[PDB]
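With mmCIF, N, CA and C atoms and all ligand atoms inside, this is coords-v7.cif:
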```cif
data_start
#
loop_
_atom_site.label_atom_id
_atom_site.label_comp_id
_atom_site.auth_asym_id
_atom_site.auth_seq_id
_atom_site.Cartn_x
_atom_site.Cartn_y
_atom_site.Cartn_z
N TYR A 1 13.77 -8.64 -13.90
CA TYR A 1 13.27 -8.09 -12.64
C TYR A 1 12.22 -8.99 -11.98
N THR A 2 12.65 -9.77 -11.00
CA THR A 2 11.72 -10.51 -10.14
C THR A 2 11.17 -9.57 -9.05
N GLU A 3 11.81 -8.41 -8.91
CA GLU A 3 11.49 -7.43 -7.89
C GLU A 3 10.09 -6.84 -8.07
N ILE A 4 9.42 -6.59 -6.95
CA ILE A 4 8.10 -5.96 -6.93
C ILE A 4 8.17 -4.54 -7.47
N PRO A 5 7.24 -4.18 -8.38
CA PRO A 5 7.22 -2.81 -8.90
C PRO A 5 7.04 -1.81 -7.76
N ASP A 6 7.78 -0.71 -7.82
CA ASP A 6 7.89 0.19 -6.68
C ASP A 6 6.54 0.82 -6.29
N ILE A 7 5.70 1.09 -7.28
CA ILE A 7 4.37 1.64 -7.06
C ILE A 7 3.46 0.71 -6.24
N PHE A 8 3.77 -0.58 -6.23
CA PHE A 8 3.03 -1.55 -5.42
C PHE A 8 3.67 -1.77 -4.05
N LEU A 9 4.70 -1.00 -3.72
CA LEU A 9 5.38 -1.13 -2.43
C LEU A 9 4.79 -0.23 -1.35
N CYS A 10 4.51 -0.82 -0.20
CA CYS A 10 4.11 -0.05 0.98
C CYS A 10 5.35 0.50 1.69
N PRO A 11 5.37 1.82 1.94
CA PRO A 11 6.47 2.49 2.64
C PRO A 11 6.75 1.89 4.03
N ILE A 12 5.77 1.19 4.60
CA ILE A 12 5.86 0.67 5.96
C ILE A 12 6.19 -0.82 6.03
N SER A 13 5.37 -1.64 5.37
CA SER A 13 5.60 -3.08 5.34
C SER A 13 6.80 -3.41 4.48
N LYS A 14 7.15 -2.49 3.58
CA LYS A 14 8.33 -2.60 2.72
C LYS A 14 8.27 -3.82 1.81
N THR A 15 7.07 -4.37 1.61
CA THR A 15 6.80 -5.31 0.51
C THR A 15 5.55 -4.96 -0.27
N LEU A 16 4.98 -5.99 -0.89
CA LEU A 16 3.78 -5.88 -1.70
C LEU A 16 2.58 -5.44 -0.87
N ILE A 17 1.79 -4.54 -1.46
CA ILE A 17 0.54 -4.07 -0.87
C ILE A 17 -0.58 -5.09 -1.09
N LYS A 18 -1.32 -5.41 -0.03
CA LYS A 18 -2.49 -6.27 -0.17
C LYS A 18 -3.75 -5.46 -0.50
N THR A 19 -3.84 -4.26 0.06
CA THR A 19 -4.98 -3.38 -0.21
C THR A 19 -4.54 -1.93 -0.13
N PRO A 20 -4.47 -1.25 -1.27
CA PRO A 20 -3.95 0.11 -1.25
C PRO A 20 -4.94 1.11 -0.66
N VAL A 21 -4.46 1.89 0.30
CA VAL A 21 -5.17 3.05 0.78
C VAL A 21 -4.37 4.27 0.40
N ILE A 22 -5.06 5.37 0.14
CA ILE A 22 -4.39 6.61 -0.20
C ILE A 22 -4.80 7.75 0.75
N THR A 23 -3.79 8.46 1.26
CA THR A 23 -4.02 9.59 2.18
C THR A 23 -4.48 10.85 1.44
N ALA A 24 -4.86 11.89 2.18
CA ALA A 24 -5.29 13.12 1.55
C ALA A 24 -4.10 13.83 0.89
N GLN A 25 -2.91 13.51 1.39
CA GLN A 25 -1.66 14.05 0.88
C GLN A 25 -1.31 13.35 -0.44
N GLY A 26 -2.03 12.26 -0.71
CA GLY A 26 -1.85 11.48 -1.92
C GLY A 26 -0.83 10.38 -1.79
N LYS A 27 -0.41 10.07 -0.56
CA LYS A 27 0.51 8.97 -0.29
C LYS A 27 -0.20 7.62 -0.20
N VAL A 28 0.47 6.57 -0.65
CA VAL A 28 -0.13 5.24 -0.73
C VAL A 28 0.53 4.21 0.19
N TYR A 29 -0.28 3.62 1.07
CA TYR A 29 0.18 2.54 1.96
C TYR A 29 -0.68 1.28 1.80
N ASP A 30 -0.24 0.16 2.38
CA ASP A 30 -1.11 -1.00 2.56
C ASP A 30 -1.96 -0.74 3.79
N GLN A 31 -3.25 -1.03 3.68
CA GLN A 31 -4.21 -0.77 4.73
C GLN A 31 -3.80 -1.32 6.09
N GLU A 32 -3.59 -2.63 6.16
CA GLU A 32 -3.34 -3.29 7.44
C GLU A 32 -2.00 -2.88 8.04
N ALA A 33 -1.03 -2.62 7.17
CA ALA A 33 0.28 -2.17 7.62
C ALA A 33 0.16 -0.80 8.27
N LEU A 34 -0.57 0.10 7.60
CA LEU A 34 -0.75 1.47 8.08
C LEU A 34 -1.54 1.51 9.38
N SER A 35 -2.66 0.80 9.42
CA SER A 35 -3.50 0.70 10.62
C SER A 35 -2.66 0.37 11.83
N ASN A 36 -2.02 -0.79 11.74
CA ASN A 36 -1.19 -1.30 12.81
C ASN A 36 -0.03 -0.38 13.15
N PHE A 37 0.64 0.14 12.12
CA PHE A 37 1.75 1.06 12.34
C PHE A 37 1.28 2.31 13.07
N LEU A 38 0.16 2.88 12.63
CA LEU A 38 -0.37 4.10 13.24
C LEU A 38 -0.76 3.90 14.70
N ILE A 39 -1.12 2.67 15.06
CA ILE A 39 -1.41 2.37 16.45
C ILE A 39 -0.13 2.42 17.30
N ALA A 40 0.99 1.99 16.72
CA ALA A 40 2.27 1.89 17.42
C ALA A 40 2.90 3.25 17.71
N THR A 41 2.71 4.19 16.79
CA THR A 41 3.25 5.55 16.91
C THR A 41 2.24 6.52 17.50
N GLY A 42 0.96 6.16 17.42
CA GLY A 42 -0.11 6.98 17.97
C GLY A 42 -0.55 8.06 17.00
N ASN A 43 -0.94 7.62 15.81
CA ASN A 43 -1.37 8.48 14.70
C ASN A 43 -0.28 9.43 14.21
N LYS A 44 0.95 8.91 14.10
CA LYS A 44 2.03 9.60 13.38
C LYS A 44 2.51 8.67 12.28
N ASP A 45 2.74 9.19 11.08
CA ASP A 45 3.19 8.31 10.02
C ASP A 45 4.71 8.16 10.10
N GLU A 46 5.30 7.56 9.07
CA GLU A 46 6.70 7.14 9.13
C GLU A 46 7.67 8.32 9.02
N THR A 47 7.14 9.53 8.92
CA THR A 47 7.97 10.73 8.98
C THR A 47 7.48 11.64 10.11
N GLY A 48 6.69 11.06 11.00
CA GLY A 48 6.30 11.75 12.22
C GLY A 48 5.24 12.82 12.07
N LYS A 49 4.59 12.88 10.91
CA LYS A 49 3.45 13.79 10.74
C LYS A 49 2.16 13.11 11.21
N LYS A 50 1.21 13.93 11.64
CA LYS A 50 -0.07 13.44 12.13
C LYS A 50 -0.78 12.66 11.04
N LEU A 51 -1.38 11.52 11.39
CA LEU A 51 -2.20 10.77 10.44
C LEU A 51 -3.15 9.77 11.11
N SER A 52 -4.43 9.81 10.74
CA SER A 52 -5.43 8.86 11.23
C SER A 52 -5.85 7.87 10.14
N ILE A 53 -6.18 6.63 10.52
CA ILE A 53 -6.63 5.63 9.55
C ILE A 53 -8.06 5.92 9.02
N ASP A 54 -8.69 6.94 9.61
CA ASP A 54 -10.05 7.32 9.27
C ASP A 54 -10.10 8.32 8.11
N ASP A 55 -8.93 8.81 7.73
CA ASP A 55 -8.81 9.86 6.72
C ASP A 55 -8.13 9.34 5.48
N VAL A 56 -8.26 8.03 5.27
CA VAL A 56 -7.80 7.36 4.07
C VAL A 56 -8.97 6.64 3.42
N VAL A 57 -8.87 6.47 2.10
CA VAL A 57 -9.83 5.69 1.33
C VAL A 57 -9.06 4.59 0.63
N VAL A 58 -9.75 3.52 0.25
CA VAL A 58 -9.16 2.52 -0.63
C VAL A 58 -8.90 3.12 -2.01
N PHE A 59 -7.73 2.83 -2.56
CA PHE A 59 -7.35 3.30 -3.89
C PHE A 59 -7.77 2.24 -4.93
N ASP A 60 -8.97 2.40 -5.48
CA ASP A 60 -9.61 1.36 -6.28
C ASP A 60 -8.86 1.00 -7.55
N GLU A 61 -8.52 2.01 -8.35
CA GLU A 61 -7.72 1.81 -9.54
C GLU A 61 -6.44 1.01 -9.24
N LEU A 62 -5.68 1.42 -8.23
CA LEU A 62 -4.42 0.75 -7.91
C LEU A 62 -4.65 -0.65 -7.34
N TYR A 63 -5.70 -0.82 -6.55
CA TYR A 63 -6.07 -2.15 -6.08
C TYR A 63 -6.19 -3.07 -7.28
N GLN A 64 -6.84 -2.54 -8.31
CA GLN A 64 -7.12 -3.30 -9.50
C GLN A 64 -5.83 -3.66 -10.22
N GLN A 65 -4.87 -2.73 -10.24
CA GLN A 65 -3.62 -2.95 -10.94
C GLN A 65 -2.80 -3.98 -10.21
N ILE A 66 -2.98 -4.02 -8.90
CA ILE A 66 -2.28 -4.96 -8.06
C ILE A 66 -2.77 -6.37 -8.32
N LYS A 67 -4.10 -6.54 -8.40
CA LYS A 67 -4.70 -7.82 -8.77
C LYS A 67 -4.12 -8.36 -10.07
N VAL A 68 -3.95 -7.48 -11.05
CA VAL A 68 -3.36 -7.87 -12.32
C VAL A 68 -1.89 -8.25 -12.17
N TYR A 69 -1.14 -7.48 -11.39
CA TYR A 69 0.24 -7.83 -11.10
C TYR A 69 0.27 -9.23 -10.51
N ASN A 70 -0.60 -9.45 -9.54
CA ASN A 70 -0.70 -10.73 -8.85
C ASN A 70 -0.99 -11.88 -9.80
N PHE A 71 -1.74 -11.61 -10.87
CA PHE A 71 -2.02 -12.64 -11.85
C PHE A 71 -0.74 -13.01 -12.57
N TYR A 72 -0.01 -12.00 -13.04
CA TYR A 72 1.23 -12.23 -13.74
C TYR A 72 2.28 -12.85 -12.82
N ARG A 73 2.35 -12.37 -11.58
CA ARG A 73 3.29 -12.90 -10.60
C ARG A 73 3.03 -14.39 -10.32
N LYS A 74 1.86 -14.70 -9.76
CA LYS A 74 1.53 -16.06 -9.31
C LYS A 74 1.37 -17.07 -10.46
N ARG A 75 1.64 -16.61 -11.67
CA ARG A 75 1.63 -17.45 -12.85
C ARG A 75 2.88 -18.30 -12.88
N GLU A 76 4.00 -17.64 -12.58
CA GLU A 76 5.33 -18.24 -12.59
C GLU A 76 5.51 -19.22 -11.42
CL CL B 101 -1.59 4.46 -10.15
#
```

Translate this structure into structure tokens?
Amino acid sequence: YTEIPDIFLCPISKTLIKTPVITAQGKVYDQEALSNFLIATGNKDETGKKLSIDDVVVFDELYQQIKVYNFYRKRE
């Protein structure tokens, strides 16, 4: 599997997450992808529900796991 682990996938950018943010609903996106996407739809997420970039936090644990993935990845 050269493929990116699914938990590190952003539903919007559809690749690797650079910085995980998590919604109150518990959904995980890449920060910059979500920000920009939410501007395009006008605070609606990819299933058309209301969402603001102000109501997300960085997902610290997962950010950390991503850094480790990145170590193993960029090794090859
Ligand atoms: Cl996790």

Practice problem: Give the answer as one residue: which of A:12, A:66, A:7, A:24 has the shortest atom-to-atom distance to residue 50 in chain A, using only C-alpha atoms? | Solution: A:24

Self-check item: Contacts of range 2-4 of chain A within 7 Å, only N, CA and C atoms, excl. fewer than 4 positions in-chain, as number ranges by chain
Solution: A: 8-9, 16

If you keep N, CA and C atoms, can you produce a file of those selected residues as a short mmCIF file (atom, residue, chain, number, x, y, z; two decimals), keeping the file's coordinate frame?
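This is the output file selection.cif:
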```cif
data_model
loop_
_atom_site.label_atom_id
_atom_site.label_comp_id
_atom_site.auth_asym_id
_atom_site.auth_seq_id
_atom_site.Cartn_x
_atom_site.Cartn_y
_atom_site.Cartn_z
N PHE A 8 3.77 -0.58 -6.23
CA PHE A 8 3.03 -1.55 -5.42
C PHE A 8 3.67 -1.77 -4.05
N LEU A 9 4.70 -1.00 -3.72
CA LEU A 9 5.38 -1.13 -2.43
C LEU A 9 4.79 -0.23 -1.35
N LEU A 16 4.98 -5.99 -0.89
CA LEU A 16 3.78 -5.88 -1.70
C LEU A 16 2.58 -5.44 -0.87
#
```

Practice problem: May I have the residues within 7 Å of residue 51 in chain A as a PyMOL selection string, using all atoms listed in the file and disregarding those fewer than 4 positions away in the same chain? | Solution: chain A and resi 38+42-45+55

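Of the residues under consideration (A:75, A:56, A:13, A:5), A:56 shows the shortest atom-to-atom contact distance to residue 25 in chain A when counting only C-alpha atoms.
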
Practice problem: Can you pull out every residue within 7 Å of residue 29 in chain A, counting only C-alpha atoms, but drop anything in the same chain fewer than 2 positions away, and send it as a PyMOL selection string? | Solution: chain A and resi 10-11+20-22+27+31+34

With N, CA and C atoms retained, export the selected residues as an mmCIF file, keeping the file's coordinate frame.
```
data_model
loop_
_atom_site.group_PDB
_atom_site.id
_atom_site.type_symbol
_atom_site.label_atom_id
_atom_site.label_comp_id
_atom_site.auth_asym_id
_atom_site.auth_seq_id
_atom_site.Cartn_x
_atom_site.Cartn_y
_atom_site.Cartn_z
ATOM 1 N N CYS A 10 4.510 -0.820 -0.200
ATOM 2 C CA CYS A 10 4.110 -0.050 0.980
ATOM 3 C C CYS A 10 5.350 0.500 1.690
ATOM 4 N N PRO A 11 5.370 1.820 1.940
ATOM 5 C CA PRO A 11 6.470 2.490 2.640
ATOM 6 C C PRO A 11 6.750 1.890 4.030
ATOM 7 N N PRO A 20 -4.470 -1.250 -1.270
ATOM 8 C CA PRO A 20 -3.950 0.110 -1.250
ATOM 9 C C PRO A 20 -4.940 1.110 -0.660
ATOM 10 N N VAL A 21 -4.460 1.890 0.300
ATOM 11 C CA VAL A 21 -5.170 3.050 0.780
ATOM 12 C C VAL A 21 -4.370 4.270 0.400
ATOM 13 N N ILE A 22 -5.060 5.370 0.140
ATOM 14 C CA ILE A 22 -4.390 6.610 -0.200
ATOM 15 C C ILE A 22 -4.800 7.750 0.750
ATOM 16 N N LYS A 27 -0.410 10.070 -0.560
ATOM 17 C CA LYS A 27 0.510 8.970 -0.290
ATOM 18 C C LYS A 27 -0.200 7.620 -0.200
ATOM 19 N N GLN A 31 -3.250 -1.030 3.680
ATOM 20 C CA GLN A 31 -4.210 -0.770 4.730
ATOM 21 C C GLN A 31 -3.800 -1.320 6.090
ATOM 22 N N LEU A 34 -0.570 0.100 7.600
ATOM 23 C CA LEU A 34 -0.750 1.470 8.080
ATOM 24 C C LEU A 34 -1.540 1.510 9.380
#
```

Produce a table with one row for each residue of chain A that has an atom at most 8 Å from any atom of ligand CL 101 (chain B), each row naming the nearest atom pair and its distance in Å at one decimal; use only N, CA and C atoms and all ligand atoms; arrange rows by chain and rising residue number; format as a Markdown table.
```
| residue | atom | partner | partner_atom | distance |
| --- | --- | --- | --- | --- |
| A:7 | CA | B:CL101 | CL | 7.3 |
| A:61 | C | B:CL101 | CL | 6.0 |
| A:62 | CA | B:CL101 | CL | 5.2 |
| A:63 | N | B:CL101 | CL | 7.6 |
| A:65 | CA | B:CL101 | CL | 7.7 |
```

Output for the residues just chosen: N, CA and C atoms as an mmCIF file, keeping the file's coordinate frame:
```
data_model
loop_
_atom_site.group_PDB
_atom_site.id
_atom_site.type_symbol
_atom_site.label_atom_id
_atom_site.label_comp_id
_atom_site.auth_asym_id
_atom_site.auth_seq_id
_atom_site.Cartn_x
_atom_site.Cartn_y
_atom_site.Cartn_z
ATOM 1 N N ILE A 7 5.700 1.090 -7.280
ATOM 2 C CA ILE A 7 4.370 1.640 -7.060
ATOM 3 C C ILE A 7 3.460 0.710 -6.240
ATOM 4 N N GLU A 61 -8.520 2.010 -8.350
ATOM 5 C CA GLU A 61 -7.720 1.810 -9.540
ATOM 6 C C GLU A 61 -6.440 1.010 -9.240
ATOM 7 N N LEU A 62 -5.680 1.420 -8.230
ATOM 8 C CA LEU A 62 -4.420 0.750 -7.910
ATOM 9 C C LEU A 62 -4.650 -0.650 -7.340
ATOM 10 N N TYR A 63 -5.700 -0.820 -6.550
ATOM 11 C CA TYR A 63 -6.070 -2.150 -6.080
ATOM 12 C C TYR A 63 -6.190 -3.070 -7.280
ATOM 13 N N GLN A 65 -4.870 -2.730 -10.240
ATOM 14 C CA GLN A 65 -3.620 -2.950 -10.940
ATOM 15 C C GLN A 65 -2.800 -3.980 -10.210
#
```

Quiz item: Which is closest to residue 59 in chain A among A:47, A:74, A:39, A:18, if we use only C-alpha atoms?
Solution: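 Closest candidate: A:18.
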
If you take every atom of range 51-56 of chain A that the file lists and fit an axis-aligned box around them with 4 Å extra on each side, what centre and edge lengths come out in Å to one decimal, as AutoDock Vina command-line options?
```
--center_x -5.7 --center_y 8.6 --center_z 7.4 --size_x 16.7 --size_y 13.9 --size_z 16.0
```

Exercise. Would you mind reading off the distance between atom C of residue 28 in chain A and atom N of residue 58 in chain A, one decimal, in Å?
Key: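 Result for atom C of residue 28 in chain A versus atom N of residue 58 in chain A: 10.3 Å, one decimal.
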
Practice problem: Output as a PyMOL selection string all residues of chain A that backbone DSSP marks as alpha helix (DSSP H). | Solution: chain A and resi 31-41+60-73

Practice problem: Would you mind writing down, as an MDAnalysis selection string, each residue of chain A that DSSP on the backbone assigns to strand (DSSP E or B)? | Solution: chainID A and resid 9 16 20:22 28:30 44 50 57:58
